[PDB]
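Start counting the sequence shown at 1; every next residue gets the next number (the authors' numbering). Okay, so here's the structure we're looking at.
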Amino acid sequence: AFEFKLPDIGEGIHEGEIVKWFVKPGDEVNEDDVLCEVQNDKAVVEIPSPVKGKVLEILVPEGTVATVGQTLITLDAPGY
């Protein structure tokens with residue numbers, strides 16, 4: 001599967017404050033999609049879609065905050 005956070009669990013932005021999402025899940029995704037709206041320190045980031053596949057499930061969508069070690073959303077890219 002694919003994750004949302006790498007082996008960080010302790011650096012710079014070891015968490016994720018998600019403001020807005022664009023999926024319902026993103027069921028069938030492309031290799032472009034959206035940039036999730038995550039906020040950090042004083043700035044906000046955009047995470048488009050490096051790869052395509054499905055948008056299986058989201059656990060802690062928006063409104064709440066997630067860490068690393070924990071997942072957020074996952075992606076399937078069966079052959080990358």
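Where is the CB? At the ideal position from N, CA and C, for every residue including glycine.
C-beta atoms of residue i and residue j nearer than 8 Å
i     : j     : result
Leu35 : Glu46 : yes
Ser49 : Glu31 : yes
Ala66 : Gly10 : no
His14 : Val51 : no
Assumed close pair residue i, residue j - CB separation to whole angstroms, cut-off 8 Å
i     : j     : result
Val60 : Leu72 : 6 Å
Contacts around residue i, its chain only, beta-carbon distance under 8 Å, and the 5 residues preceding and following it disregarded
i     : result
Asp41 : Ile13
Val44 : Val19, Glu37, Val38
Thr64 : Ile18
Local conformation of residue i per DSSP, three classes
i     : result
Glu28 : strand
Beta-carbon proximity list for residue i, same chain, < 7 Å, skipping 5 on both sides
i     : result
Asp33 : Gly26, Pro48, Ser49
- Task: Would you be able to state if there are at least three C-beta pairs under 8 Å between the stretch 24-33 and the stretch 2-14?
- Result: At 8 Å Cβ cutoff, the stretches do not touch.
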